[PDB]
Structure formats: C-alpha cells, structure tokens
Number of protein chains: 4
Amino acid sequence: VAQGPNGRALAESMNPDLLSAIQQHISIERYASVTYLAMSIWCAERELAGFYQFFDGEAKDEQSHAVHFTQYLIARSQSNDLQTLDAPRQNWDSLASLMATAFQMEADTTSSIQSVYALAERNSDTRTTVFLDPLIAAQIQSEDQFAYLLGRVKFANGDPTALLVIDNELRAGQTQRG
Amino acid sequence: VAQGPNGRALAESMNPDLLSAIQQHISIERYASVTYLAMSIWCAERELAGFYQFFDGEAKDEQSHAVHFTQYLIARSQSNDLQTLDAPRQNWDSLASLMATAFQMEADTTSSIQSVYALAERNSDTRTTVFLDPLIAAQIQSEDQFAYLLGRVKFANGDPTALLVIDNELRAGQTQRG
Amino acid sequence: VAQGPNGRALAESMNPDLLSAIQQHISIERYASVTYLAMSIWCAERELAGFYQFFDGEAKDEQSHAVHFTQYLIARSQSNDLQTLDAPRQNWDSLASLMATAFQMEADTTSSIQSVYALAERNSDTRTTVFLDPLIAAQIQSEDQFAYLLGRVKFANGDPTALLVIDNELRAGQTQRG
Amino acid sequence: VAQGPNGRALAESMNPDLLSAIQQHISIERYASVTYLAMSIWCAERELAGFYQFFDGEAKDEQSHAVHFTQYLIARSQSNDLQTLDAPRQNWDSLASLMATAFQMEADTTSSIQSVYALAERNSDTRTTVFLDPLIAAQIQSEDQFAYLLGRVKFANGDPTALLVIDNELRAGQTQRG
Ligand SMILES: [Cl-]
Ligand SMILES: [Cl-]
Ligand SMILES: [Cl-]
Ligand SMILES: [Cl-]
Ligand SMILES: [Cl-]
Ligand SMILES: [Cl-]
Ligand SMILES: [Cl-]
Ligand SMILES: [Cl-]
Ligand SMILES: [Fe+3]
Ligand SMILES: [Fe+3]
Ligand SMILES: [Fe+3]
Ligand SMILES: [Fe+3]
Ligand SMILES: [Fe+3]
Ligand SMILES: [Fe+3]
Ligand SMILES: [Fe+3]
Ligand SMILES: [Fe+3]
Ligand SMILES: [Fe+3]
Ligand code: NA
Ligand code: NA
Ligand code: NA
Ligand code: NA
C-alpha cells in the first residue's frame with residue numbers, strides 16, 4: 001500500500017494539476033462565503049432584515065461547501081492548502097446591483113466546479129466527477145433561486161414598497177419559486 | 001451596623017452626587033415612558049395600529065426600567081425621590097419625524113445611564129457600575145432596534161402603502177432585524 | 001438625528017481608532033476560525049477523529065464570534081471592513097505542538113479583545129466595554145478548556161495509546177474539566 | 001420488441017465485452033466478500049472481537065453489492081454467469097498487515113468498477129455509467145473508512161493496549177472519522 005501526499009493510505013494517485021484545481025476551488029467557495037457575509041451586512045445596514053438573514057445563511061452554507069471539499073481531499077489522501085482569502089466586494093448602489101453580483105457569484109462558483117470537472121474527465125478521475133455531480137445539481141437549484149430573487153427585485157423597479165414586501169418574503173423563508 | 005438614608009442597614013455609603021444622578025435618571029426613564037405613551041396615541045389617532053401597539057409596550061417597559069432603578073436605591077439603603085414629570089411631546093408632522101424623536105429618546109436614555117456610570121467610576125462605586133452594565137447592554141439592543149424601525153420608515157419615503165406594510169410588521173411582532 | 005458612517009441613525013459617535021481596532025479584531029476571529037479548520041484537517045489526516053471533530057466545531061464557533069462583532073458595528077452605525085485573510089499555519093510535527101499553537105491562538109484572541117477593551121476605556125465607550133465583557137468571560141472558559149486539552153495531550157507524552165484514549169474523549173464531547 | 005440474451009424484453013443491446021466486464025466484476029465483489037469473511041475469522045482467532053464484527057458485516061455488504069450487480073444484468077436483459085470463486089487469503093503476520101490487505105481490496109474493488117465504467121463510456125452505455133455512479137460514491141466513503149482504520153491501527157504501532165482500545169471502538173460501531 002502506497003501513502004498519499006497527506007500521509008494517508010492512497011487508493012489512487014491524483015494528477016497534481018487536478019489537485020491544484022480543487023484547492024483553488026475551495027478558495028472560490030470560501031470567497032463566496034465572505035462575499036455573502038458582506039452582502040448580508042450591506043442589507044442589514046439598510047434595514048433589509050430578510051435579505052440580511054438570507055445572505056447570512058448563504059455565507060454559512062458556502063463555508064460548509066468549502067469544508068466538504070476539504071474532506072474530499074482528505075478522503076483522496078491529498079494535501080489541503082488553505083489559501084489567503086481576498087477581501088470581498090462591499091459596496092453597491094442598490095439592492096438590484098447587489099443581487100446581480102450575487103447571481104454572478106453563484107454562476108462563477110458553478111463555472112469553477114465545471115472547470116474542475118473537465119480536468120477530472122481529462123484525467124479519467126471518476127471519483128472526482130462522481131463527487132462533483134451532486135454539487136452541480138445543487139448549483140442548478142441555487143442558480144434558479146438566485147435568478148428568482150434577482151428577477152423579483154428587478155421587477156420591483158426600485159420601489160421601496162415592493163422591496164419591503166420582498167424583504168418580508170425572505171424573512172419568512174420564501175426564497176424560491178417553490 | 002450603620003443605617004442608610006432610607007433607614008435600612010447600610011452595606012456601603014453612596015456619594016450624594018451619585019444618588020442625585022440616579023434619582024434624576026429615574027425621571028428620564030419615567031419621561032421616556034410617557035413619551036412612548038404619547039407616541040402610541042399619535043399612531044392610534046392615524047390608524048397605525050402596529051406602531052400604536054409597539055409604543056404602548058415600550059411605554060410599559062420604560063416604566064419597568066424606572067421601577068428597577070427604584071429597587072436598586074432601596075437595595076443600597078438610599079432614599080428615593082420621585083420627581084415632578086414633564087409633559088411629553090405630543091405633536092409630529094409625520095411618522096418619520098416621530099420615529100426620529102423616538103430614536104433620540106432612546107439614545108438620550110443611554111446617555112443618561114452613561115453619565116451615571118462615569119460618576120460611579122469616579123466614586124469607585126462598583127456595585128453601581130455592575131448594576132448598570134446589563135442596562136447598557138439592553139440599550140445597545142434598543143438603539144439597534146429603533147435605528148431599524150426609523151430606517152425602515154425612512155426607506156418608505158412617506159408612501160402610505162409602505163407604511164401600512166411596516167405597520168402590519170409591528171402588529172405581528174416583527175420589530176427587529178432578527 | 002445624525003447618521004453614522006454606515007448610514008444608520010447614530011446613537012453615539014465612535015472614535016476612528018476604536019473602530020479600526022474592532023475591524024482588525026474581526027480579522028483575528030476569522031483567522032482563528034481558519035486556523036482551527038487547518039488544525040481539524042491536520043488531525044483528520046492522522047485519523048485523530050475526535051480532535052478533528054473538536055476543531056471543526058471550534059472553527060465554526062470562531063466564525064460566529066466574528067459575525068457577532070460585525071453585528072455590533074452595525075448596531076453602532078459603524079462601517080464594517082472585511083479584510084484580506086492570511087493563510088493559516090498548516091504543518092505541525094506532533095499533536096502536542098498543534099495543541100500549543102491552539103492554546104496560543106486562544107490566548108492571542110483574548111489579548112486582541114483586551115486591546116480593544118483598553119481603547120474603549122480610554123475613549124469612555126461604555127457600550128463597547130459592556131459588549132466585550134461576556135466575550136472575555138467566554139475567553140476565560142476557552143483558555144481553561146484549551147489548557148486542559150493541551151495539558152492532557154502533554155501528559156500522554158507522545159504515547160499513541162494515550163492519544164487514542166484522549167481522541168475518543170473528544171469524540172464523545174468530553175472536552176473540558178467539567 | 002427484441003429479446004435480450006437472458007430472454008427478457010430488451011431495452012437496448014449491450015456490448016459483449018462490457019457484459020463480460022460486469023460478470024467479472026461480480027466475481028470481484030464476491031471475492032471481496034469471502035476475503036472479509038477470512039479477515040473476520042483471523043480477527044476472531046485472536047480475540048479481536050470488534051474487528052471480527054466489523055469484517056463480518058463487510059463480508060455481508062460486499063455480497064449485497066454482488067447481488068445488486070446481478071439485478072442490473074437482469075434489468076438489462078443480459079445473462080448472468082456466476083463464476084468459480086478463488087479461495088481468499090487467510091494468513092497475516094499482524095493486524096496492520098491484514099488492514100493493509102483490506103485497504104488494497106477496497107481500492108482494487110473501485111479499480112474494477114472504474115474499468116467497467118471506462119468500457120461503458122467507450123460504448124456510450126449511459127445506463128451503466130449512471131448505475132455505477134452511486135457505487136463509486138460509496139467506494140470513496142469505504143476507501144476513506146478503510147484508510148482511517150488502517151491508519152489508526154498503524155498509529156498503534158503494534159502496542160496491544162492501543163489495539164484493544166481500537167477493537168472496542170469497532171465493537172461500538174465507531175468505524176469512521178465521523
Ligand atoms: Cl433596487
Ligand atoms: Cl463585482
Ligand atoms: Cl413618514
Ligand atoms: Cl423633541
Ligand atoms: Cl504528541
Ligand atoms: Cl504558529
Ligand atoms: Cl499490528
Ligand atoms: Cl494479498
Ligand atoms: Fe458553494
Ligand atoms: Fe453558491
Ligand atoms: Fe429604559
Ligand atoms: Fe429605552
Ligand atoms: Fe457584566
Ligand atoms: Fe473567538
Ligand atoms: Fe477562541
Ligand atoms: Fe463492493
Ligand atoms: Fe468494498
Ligand atoms: Na408602493
Ligand atoms: Na404603493
Ligand atoms: Na500504551
Ligand atoms: Na499500553
């Protein structure tokens with residue numbers, strides 16, 4: 001039995017380029033987390049309590065995704081390399097602009113997973129594609145959800161009354177088409 | 001064993017300037033109470049039932065704070081001196097203006113506590129600073145809450161539709177960021 | 001009513017040096033979080049599942065502390081400034097060495113709070129000292145706990161048998177003197 | 001409607017090389033089963049009751065996997081061909097050596113699935129890749145688990161005291177990092 005780079009027994013070696021791609025993706029998940037924290041704060045500063053609660057939870061969930069990836073590297077006997085984390089964006093001129101950035105963040109998270117996926121396929125790493133499959137499925141749901149929240153906020157067309165109604169929807173947990 | 005000014009056994013004497021400051025602060029709490037009663041009436045007169053219910057409860061809570069201070073003076077064997085109470089402000093041109101006065105009242109209540117606190121520290125009265133600590137903590141929460149209600153009302157920008165939505169939030173007990 | 005730097009109604013202005021100190025402390029909490037994540041991974045890589053579970057939870061708790069501070073700045077109508085986050089330490093020669101770093105991290109977290117506390121006192125910011133008081137109390141408990149875990153691991157004196165026993169204690173939730 | 005090789009209605013023909021690969025893989029699952037039975041006996045002979053119970057269950061689970069594959073061939077209207085089964089390895093000089101063989105058996109089971117998977121992809125057999133996906137996911141978990149048990153036994157470094165502690169973990173059902 002061979003030992004993997006992290007010292008554990010090695011079921012199958014991993015291409016170093018794929019390993020690097022996964023380590024970078026963990027940073028993307030962590031960056032999504034702190035981005036959603038910054039968004040939660042921006043909303044709290046404007047008394048948009050439902051949006052604050054929503055993004056506070058999204059921040060925690062993205063962190064959980066990052067940890068989920070660290071556990072996969074452990075399971076593959078690969079080294080983790082937790083990286084320096086950039087500061088998030090923190091300023092927006094409107095809730096619609098914030099929601100556009102949020103949607104882009106979600107879509108960019110999927111693109112990162114897709115890039116890891118393509119590298120795993122090039123390397124015939126079926127463990128990794130199988131690991132990623134349910135994460136892509138979750139991303140479809142999150143993209144659908146963020147398109148819903150962004151589209152609903154855009155429909156409000158900057159009317160504070162409409163934004164208060166939507167804020168109350170989010171506080172109540174009404175965050176998807178359902 | 002010595003007797004304190006109110007006749008009870010005296011654990012430790014209190015500086016008369018500090019005593020006067022606490023008696024004055026009790027009046028501030030009582031004045032906040034009747035101010036919130038006046039605000040509850042103003043809201044009721046305009047059918048803002050959720051704001052009426054909110055301020056009706058705040059009036060009762062501020063009175064409870066006043067009584068809490070009277071009990072501390074009893075516990076310190078100090079005399080209470082219930083003072084003449086000014087009439088509250090009773091007229092506002094808008095709910096936003098009323099909420100600004102409410103926020104100021106809350107902040108001024110904290111300033112009064114802070115002034116008592118500084119005098120207690122100058123007099124090395126650790127019982128009093130310890131007594132006040134949780135009241136300051138409660139004030140932070142109340143200031144955060146009143147900034148939320150004021151900011152949400154200002155966001156409404158005088159639109160009756162938005163103010164009805166917020167009124168219904170308060171009736172439902174949705175009075176904080178959460 | 002004045003507006004604070006984050007746009008909300010301002011109960012009382014905050015010294016910019018104190019604000020900067022709180023923003024820096026939030027980074028310390030976030031850095032403790034990612035440090036404990038790195039420690040959880042190191043333990044998982046060596047099959048120390050109880051230590052992995054312990055530090056996984058500590059990472060989540062430190063993040064919660066960071067968010068708690070961001071909410072205080074919101075409550076004070078002060079701007080948040082989420083900073084770039086350094087990469088954590090990730091390599092240790094032994095569990096005893098890891099636990100020494102963990103204890104130091106906990107003690108350094110308290111020192112950071114103490115530094116903010118002293119600045120608040122210099123500025124007569126009683127809201128901030130009151131906010132910090134229960135966090136210092138929690139730090140005493142965490143320092144006591146980490147001294148217990150470190151001391152118990154050192155008592156094991158590198159014997160794998162003893163470290164397996166302690167690992168099982170942590171998995172069972174036996175993490176303090178009790 | 002066409003009839004498949006096993007006589008049932010045929011949804012889509014299967015490449016004979018892929019069929020042979022699946023039939024061979026069923027033998028690999030059956031061989032893993034009897035290997036884990038032999039390991040359970042080796043442990044029972046040395047009073048390692050927790051390891052005996054663990055491998056007794058693994059033997060049953062691997063047999064269930066074999067049957068699961070036989071049901072897939074039935075579902076595809078393909079013939080099953082249950083093969084002669086080699087005798088398992090039965091002798092080891094130490095528990096660490098046994099656990100190394102167990103880890104290798106688990107990794108080799110995954111390699112067999114991976115080989116079937118690659119053949120299905122070459123043949124555009126999407127039913128088979130979909131069938132195998134959750135089995136690969138289960139293999140990741142089993143490899144992580146066996147790396148944990150092997151690594152924990154190696155950490156014991158042949159100390160009977162440590163091996164008794166781990167034996168008791170397994171008897172209690174503590175068989176993974178968790
Ligand atoms: Cl908007
Ligand atoms: Cl951006
Ligand atoms: Cl208004
Ligand atoms: Cl006034
Ligand atoms: Cl050690
Ligand atoms: Cl260090
Ligand atoms: Cl051994
Ligand atoms: Cl062998
Ligand atoms: Fe994510
Ligand atoms: Fe996401
Ligand atoms: Fe009060
Ligand atoms: Fe008050
Ligand atoms: Fe206290
Ligand atoms: Fe902390
Ligand atoms: Fe800590
Ligand atoms: Fe199997
Ligand atoms: Fe298996
Ligand atoms: Na409107
Ligand atoms: Na309207
Ligand atoms: Na021992
Ligand atoms: Na021993």
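Hydrogens, waters and symmetry mates are skipped; everything else that's a heavy atom, side chains included, is used. So you know, we letter chains A, B, ... as the sequences are listed, proteins then strands, and number each from 1. Both counts, for ligands and for their atoms, begin at 1 and track the order of listing.
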Hey, is B:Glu143 close enough to C:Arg127 for a salt bridge, meaning N to O under 4.0 Å?
yes
Check B:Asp159 and report its N/O/S atom nearest to the Na ion (ligand 18), by atom name.
OD2
C:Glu12 bridged to C:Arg76 by N-O distance under 4.0 Å
no
How many protein atoms of type N/O/S are positioned less than 2.8 Å from the Fe ion (ligand 14)?
3
Between C:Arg122 and C:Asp17, does any NZ, NE, NH1 or NH2 come within less than 4.0 Å of an OD or OE carboxylate oxygen?
no
Are C:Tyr36 and C:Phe146 an aromatic pair by the rule of ring centers under 6.0 Å?
yes
Salt bridge between B:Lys60 and B:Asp56, side-chain N to carboxylate O under 4.0 Å?
yes
Looking at A:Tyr52, does the NZ or CZ of B:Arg177 lie under 6.0 angstrom from its six-membered ring centre and within 45 degrees of the ring axis?
yes
Any N/O/S atom from B:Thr161 (main chain or side chain) under 3.0 Å of the Na ion (ligand 18)?
no
Could you tell me which N, O or S atom of B:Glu106 is nearest to the Fe ion (ligand 12)?
OE2
Kindly assign one of parallel, tilted or perpendicular to the pair B:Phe131 and B:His68, based on the angle between their ring planes and the thresholds 30° and 60°.
parallel
